[PDB]
Every structure is written in C-alpha cells, then in structure tokens.
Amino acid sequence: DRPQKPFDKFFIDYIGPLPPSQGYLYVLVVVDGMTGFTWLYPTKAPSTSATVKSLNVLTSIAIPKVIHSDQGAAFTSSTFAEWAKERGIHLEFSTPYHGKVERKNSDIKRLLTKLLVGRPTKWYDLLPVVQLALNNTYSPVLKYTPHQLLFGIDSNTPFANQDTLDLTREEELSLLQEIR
C-alpha cells in the first residue's frame, strides 16, 4: 500500500447553529486527513448549496480525491453528489450514528467556544486567526504542525504558546449567563 498524502481525503462537517455573526450562523469544517490542515467557511445554513458555494472556493486551490462526511442532509443530497462527480471527487460516508481528525474537530469546537464567549457575535472576524492557530499547533504524534506538513516549511506565525483552551472562572459564569 502507498503512503498517506495531502489531498487524499478531506473531512467536512458543519458546526452550528451559532449566534449571528455578520449574517452567518454555521461553519463548514474541512480538515485534510493526512496533514490535519483545517479550512473554515462561514455559511448561512447547513445546506447543499452553502456547501457547494464554500467548497468551490476551496476546490479552487486544491481538490481532494475523496470527501468524507457524516450523513448530514447537505452531504447526501444528489445535487452534492452531482457536484462531486463533476470534479472526479469520490464521496465517502460514515454509517449513521457511529484518530487525528476526531481530535482536530474537538480542538475546533473547543477553541471556538473559548473565544465565542465575551464576544458571541464577533466570530466571523476571528475565523482567520482561529485557522492560523489550529494549523500552527504542534501535533504530539507527528513531530510537525499541519502547516509544516502541507508546505514543507516553518511558518511566520508560530504559536509557541499552547493555551489553556479550557474555560476560566470568569467565562464559565458568563457562559452560564449568556445561555440563560
């Protein structure tokens, strides 16, 4: 068998709904399987059309051989199927209700929640920095960050500070206050 490579498999999923930020409610999450590199796209709905609109941007830069997703409605539509077929992307579904990617999605959910508190509405603007953080975050398994693995170089934004990522005392109380 041939070694795992970037663009072999993209893992996509939605996160939301979230509080309205500049008209957006959801986040399409794309994680490259081999590298752990993450792309994020704000959408207004977890719909096939919002998925195609966002993936069109991404697939303008690089095209996966396989896309993997859960059986969300946006991903199982035959519009989305037609879209993938047009680009020679094979579609791959985890069976309903059932590694490196899983951890990354945890990091994303958690890191969002952290910064989403105090400013639940300003997240749109924060997406770029969230990605940069995620992608220059050191992987304990591999000696490298996703940036390094994607591009074969060090980055000009190293996140030397690994952070709490955990919710402090002031935040737990004002997250219990916002969601009232």
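A residue's number is simply how far along the shown sequence it sits, counting from 1. Here, rigid core means the biggest group of C-alpha atoms that superpose within 1.5 Å across both forms.
For the pair 47-55 and 117-125, rigid core superposition yields a higher RMS C-alpha distance in 9 other deposited structures of this protein in 117-125.
When the mean C-alpha temperature factors of 119-127 and 42-50 are read from the deposited coordinates, 119-127 comes out higher. As listed in the deposited structure, the average C-alpha B-factor of 108-116 and of 150-158 is greater for 108-116. Highest CA B-factor among the listed residues (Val141, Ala133, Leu55, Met34): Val141. Per the PDB record, residue ranking by Cα B-factor puts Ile15 in the middle third of the chain. Among the modelled residues of the chain, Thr59 sits in the lowest third by CA temperature factor in this PDB entry. Per-chain ranking of the deposited C-alpha B factor places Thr145 in the middle third.
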